[PDB]
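Asks: got an experimental structure here, sequence first:
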Amino acid sequence: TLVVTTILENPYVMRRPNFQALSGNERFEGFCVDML
Amino acid sequence: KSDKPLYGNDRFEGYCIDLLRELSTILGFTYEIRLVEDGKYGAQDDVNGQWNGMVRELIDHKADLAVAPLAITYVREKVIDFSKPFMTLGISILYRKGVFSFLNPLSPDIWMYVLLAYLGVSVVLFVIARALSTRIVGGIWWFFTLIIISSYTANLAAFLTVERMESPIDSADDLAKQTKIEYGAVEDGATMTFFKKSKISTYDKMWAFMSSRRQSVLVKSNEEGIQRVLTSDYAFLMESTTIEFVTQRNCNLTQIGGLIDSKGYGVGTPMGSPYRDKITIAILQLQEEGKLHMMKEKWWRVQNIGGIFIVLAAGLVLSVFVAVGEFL
Amino acid sequence: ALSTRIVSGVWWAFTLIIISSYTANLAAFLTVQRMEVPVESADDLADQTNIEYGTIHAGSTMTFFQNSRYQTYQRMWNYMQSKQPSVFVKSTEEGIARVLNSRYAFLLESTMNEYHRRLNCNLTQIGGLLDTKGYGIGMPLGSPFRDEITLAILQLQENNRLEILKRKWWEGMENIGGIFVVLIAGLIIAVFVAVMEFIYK
Amino acid sequence: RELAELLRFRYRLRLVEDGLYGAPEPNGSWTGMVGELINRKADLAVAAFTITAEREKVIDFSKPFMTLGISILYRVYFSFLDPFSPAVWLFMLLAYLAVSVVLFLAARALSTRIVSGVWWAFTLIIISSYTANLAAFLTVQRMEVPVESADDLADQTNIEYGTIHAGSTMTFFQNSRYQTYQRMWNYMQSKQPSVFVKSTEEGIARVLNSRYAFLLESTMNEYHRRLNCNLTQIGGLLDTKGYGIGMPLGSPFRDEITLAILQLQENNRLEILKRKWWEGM
């Protein structure tokens, strides 16, 4: 339960368009996201 | 280097070893030569401010004499004192020095389709034998060769004009505006300072490119920089007398440009070493002797038009053989 | 046969002058087209008052160049500060936008230029690496796992699936050719003319 | 002489003791003859004292003898087969004799047509190459400026920017504020053991010696370039100046000096003295 925060920047965090945005980690995916 | 064990005050040779020997024979000094522990000429640090290498060592007063090829820099003059100039010096730049090229400035598919068209127009002329038609055909052929040969001269014109405008890099600004050959020096350099702490903006931007890529641009040793220049385009800023005694024994190298700054290596001592002044006096005595200069002697010692000529001569022989065939 | 000799001579003089002029003019055009670099090293772009040097506004790149010490980078800081509302831009996608919009260059990261230039064709990765950097795992000072972060970081680089993830998510002769057209065309035309002549016969 | 003819007194004209043009040193002192006027070692500092700002606040300067500016004094039937690589032409004529010789062998029409077309292809190529290469040669020569604006020579690390050592011009560029002139001051200070030179005749000498330019006065460039032909007056006037009649502050006739100076300019024999002494294909 660690506060892992970021500002989205393509393509580091893909910021895939999941208009149904889930919570936290399941909200967005990418290279830095899979790295985390 | 030899076939036995020596050490210390016996394991070295060169011109500066002779400088130690003759300076000893003058001043009556005894001495043991010890190398630099940091393995560099050393500099006042980037953030610590303290000297590095031999400059740190004589700054620590941990060794008395420093007879090396050591630069008498005004920034280095504050850290420690020096004698008179042993050998005059300066920074300089060291760097190294067909039968399609007839048809070069036209791209090859075009010159292929040209010969195809020559055969084609010859075919149409043969088919004209089933003269106004002959005339019209001859005229389009005229226009054709004209555009082709004219545009040819344009391409060979321009592509000759640019390459005769580029080469070489034969100045400091020539190495400065370019970004192709890597330009630097060995680590902890008083040379690298005299580039780095300079205010001449060309040399400043050269320091910017060097310290920019400071992992790969800068070197560790002058012999290492020599290997970096002889291997690839990592051209080295380097010292004068080093550039001479490098260039005299490596013909594939070259000493480009003039003299960047004016310096002189010499005997260095910590501030308050009493033999500094008398050493400088006997150094002037040895400069009056000439054993400095004697030691410097003893130690510091049809491009493409030829292609088409071949093409034409080949055609000649082939058609003479065709004439032998006719005689047959 | 001197009257026609007068017209032959003047005609040769004329056709020669016009051909020499044409080859001259095409020589000058190709030469100018070839001699233009136009901006490759970044220092020129810093001097290039007609191009717009630009950075991801209030960024780590702005920290690098704006707080720099090297002289051309210092002039870049001055020009980046000078008309900065006209000159700075915040969003990275907006950085690609202003690159794809006018003569403004986005001073982006290396991997940024990588993902963008692989994604987009018309943007060129001009210049070399202006300096060295690395996107590192930030944390508070004295973190609960900063040593463990570097440890498992070296483990993951040793696991090398980071590079797997880099691949995964961080993934003339036509100039003068119209001559051939004119050729074929006139060839066919005169073929027709000669066929008409055979008919006349 | 005419100035003393106005002022009716004699003048012990002496050499400046230092003989430098004089500059305010970091010890507060004006050097040279500016030192002599800051010393009251002399009252009538009668020379080409460039009336500048630091020349103003140290001693009075009267109305100028003339205008002045800073200028840069810098240096400056066989082309027939010359654009061709000069050994190729012998092989060319040998080829012409050869191709005629193959034809004369072909005497004792298609076989001849073969070598005709070959000779034509080779002829087209090499005269196209000649016209191209002479095009490149004439183009490179025309496109070189090489240094006209002084800012270029300031950036030009290969040519040596140079000034009369510790001069009024060394003040005007060294104490300057304009950015390219500031970089010029930095380069003038930088390799100065190579870069600065003192005597003005030696200045013309070093300009006549290597790629060093004497940043001299306007009338200096006038008298020199009229005297010597090979030296070009590169650049325009870098600034405004005037060699004015220096004196101590509050001199015995300083206002009278400017007055009779305007009288002599009105008498215009000063300009008379300017003439009489400051005189492909």
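Replies: On my side now, so go ahead. Numbers count the residues shown, from 1 in each chain, chains lettered A, B, ... in the order given.

Asks: give the contact list for the residue nearest in space to the middle of chain A.
Replies: Nearest to the mean C-alpha position of chain A, counting by Cα atoms, centre = their mean, stands residue A:28 at 3.5 Å. Residues in contact with residue A:28 (Cβ atoms under 8 Å, 6 or more residues apart in numbering or on different chains) are A:8, A:13, A:14, A:15, A:16, A:18, A:21. Every C-beta, even on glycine, is put in place using the N, C-alpha and C of the backbone.

Asks: can you read off the backbone torsions of residue B:219?
Replies: For residue B:219, the backbone dihedrals (degrees, to the nearest 10) come out as phi -110, psi 180.

Asks: contact partners for it?
Replies: Shown in contact with residue B:219 (Cβ under 8 Å, 6+ apart): B:184, B:185, B:186, B:187, B:225, B:228, B:234, B:236.

Asks: out of the residues you listed, which are inside strands?
Replies: Those of those mapping onto strands are B:184, B:234, B:236, per DSSP state E.

Asks: need the contact list for the closest residue to chain C within chain A.
Replies: In chain A, the residue that lies nearest chain C is residue A:31 (3.6 Å; Cβ to the nearest Cβ). For residue A:31, the contact set (Cβ under 8 Å, 6+ apart) comprises A:11, A:12, A:13, A:14, C:165, C:166, C:168, C:169, C:170.

Asks: now restrict these to buried residues only.
Replies: Among the contacts of residue A:31, those buried by neighbour count (16 or more other Cβ atoms under 10 Å in any protein chain shown) are A:11, A:12, A:13, A:14, C:165, C:169, C:170.

Asks: was I right about the third one contacting residue A:34?
Replies: If I follow you right, that is residue A:13. No. Residue A:13 is beyond contact range of residue A:34, at 9.7 Å (criterion: Cβ atoms under 8 Å).

Asks: so which residues of chain A form helices?
Replies: Assigned by DSSP state H, the helices in chain A fall at A:31-35.

Asks: what parts of it come near chain D?
Replies: Proximity of chain A to chain D (Cβ under 8 Å from any Cβ of the partner chain) involves no residue at all.

Asks: which residue does chain A have closest to chain D?
Replies: residue A:9 (36.9 Å).

Asks: now the strands for the stretch 151-300 of chain B?
Replies: Secondary structure of the stretch 151-300 of chain B (DSSP state E, counting those that start in this stretch): strands at B:182-184, B:234-238, B:253-256, B:263-265, B:268-269.

Asks: so what does the first one touch, helix or strand wise?
Replies: Taking 3 or more Cβ pairs under 8 Å, 6 or more residues apart in numbering or on different chains; DSSP states H and E as the contact definition, the neighbouring helices and strands of strand B:182-184 are helix B:201-212, strand B:234-238.

Asks: between these, which gets nearest to residue C:67?
Replies: Within these, the stretch nearest residue C:67 is helix B:201-212; the backing value is 14.8 Å (Cβ to Cβ).

Asks: and the closest one, does that touch chain D?
Replies: Yes. For helix B:201-212, a contact with chain D is found by Cβ under 8 Å from any Cβ, at B:201, B:202, B:203.

Asks: of those residues, closest to chain C?
Replies: For the residues of helix B:201-212 next to chain D, the nearest to chain C is residue B:201 (5.5 Å; Cβ to the nearest Cβ).

Asks: for the strands of the stretch 151-300 of chain B, give me CSV that also has distance to residue D:252.
Replies: Formatted as CSV, those follow (distance: least, Cβ to Cβ, whole Å):
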stretch, distance to residue D:252
strand B:182-184, 63
strand B:234-238, 60
strand B:253-256, 62
strand B:263-265, 53
strand B:268-269, 58
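
Asks: kindly reformat those as JSON lines containing mean neighbour count.
Replies: Shown next, in JSON lines, are these (neighbours: other Cβ atoms under 10 Å in any protein chain shown):
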{"stretch": "strand B:182-184", "mean neighbour count": "24"}
{"stretch": "strand B:234-238", "mean neighbour count": "25"}
{"stretch": "strand B:253-256", "mean neighbour count": "19"}
{"stretch": "strand B:263-265", "mean neighbour count": "21"}
{"stretch": "strand B:268-269", "mean neighbour count": "24"}
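
Asks: could you say which one of these comes nearest to residue C:47?
Replies: strand B:182-184 (19.8 Å).

Asks: just checking: what are the partner strands of that closest one?
Replies: Using DSSP bridges, strand B:182-184 pairs in its sheet with strand B:234-238 (parallel).

Asks: tell me the SS of residue D:237?
Replies: coil (DSSP: H, G, I helix; E, B strand; the rest coil).

Asks: gap between the nearest residue to it once chain neighbours are set aside and chain C?
Replies: With Cβ to Cβ, 6 or more residues apart in numbering or on different chains as the criterion, residue D:237 has its nearest non-adjacent residue at 3.3 Å, and that residue is residue D:69. Using Cβ to the nearest Cβ, to the nearest Å, one gets 28 Å for the distance from residue D:69 to chain C.

Asks: assess the claim that residue D:69 and residue D:243 are in contact.
Replies: No. In this structure, residue D:69 is not within contact of residue D:243 by Cβ under 8 Å, at 11.2 Å.

Asks: those two: which is more packed in?
Replies: residue D:243 (21 against 16; other Cβ atoms under 10 Å in any protein chain shown).

Asks: got the contact list for the closest residue to the more buried one other than its chain neighbours?
Replies: Closest residue to residue D:243 apart from its sequence neighbours, by Cβ to Cβ, 6+ apart: residue D:48 at 4.0 Å. Applying Cβ under 8 Å, 6+ apart to residue D:48 gives the contacts D:65, D:217, D:219, D:243.

Asks: let me know the closest of the residues of helix B:201-212 next to chain D to residue B:106.
Replies: Among the residues of helix B:201-212 next to chain D, and counting by Cβ to Cβ, the member closest to residue B:106 is residue B:202, at 40.0 Å.

Asks: among the contacts of residue B:219, which pair sits farthest apart?
Replies: Largest separation among these by Cβ to Cβ: B:187 and B:234, giving 13.7 Å.

Asks: residues near residue C:183, how many?
Replies: When neighbours are counted by other Cβ under 10 Å, residue C:183 comes out with 20.

Asks: overlap of the contact sets of residue D:69 and residue D:243?
Replies: Common contacts of residue D:69 and residue D:243 (Cβ under 8 Å, 6+ apart): residue D:217.

Asks: who in chain C is up against chain B?
Replies: Neighbours of chain B within chain C, by Cβ under 8 Å from any Cβ: C:19, C:22-23, C:26-27, C:29-31, C:33-35, C:40-41, C:43, C:70-73, C:128-132, C:172-173, C:176-177, C:179-180, C:182-183, C:186-187, C:189-191, C:193-194, C:197-198.

Asks: which residues does the closest residue to residue B:276 other than its chain neighbours contact?
Replies: Closest residue in space to residue B:276, ignoring its immediate chain neighbours: residue B:269 at 4.4 Å, by Cβ to Cβ, 6+ apart. Residues in contact with residue B:269 (Cβ under 8 Å, 6+ apart) are B:58, B:64, B:65, B:66, B:80, B:81, B:82, B:83, B:275, B:276, B:279.

Asks: and of those, the nearest to residue C:106?
Replies: Using Cβ to Cβ, residue B:80 is the member of the contacts of residue B:269 that lies nearest residue C:106, at 48.5 Å.

Asks: from what I can see the closest one touches residue B:60, true?
Replies: No. Counting by Cβ under 8 Å, residue B:80 does not reach residue B:60; the two are 10.4 Å apart.

Asks: more crowded one of the two?
Replies: Each of residue B:80 and residue B:60 has its neighbours counted (other Cβ under 10 Å); residue B:80 has more, 22 against 11.

Asks: residues near the closest residue to chain C within the stretch 51-200 of chain D, how many?
Replies: Using Cβ to the nearest Cβ, the single residue of the stretch 51-200 of chain D nearest to chain C is residue D:135, 5.7 Å away. For residue D:135, the tally of surrounding residues (other Cβ under 10 Å) stands at 23.

Asks: which element, helix or strand, includes it?
Replies: helix D:110-142 (DSSP states H and E).
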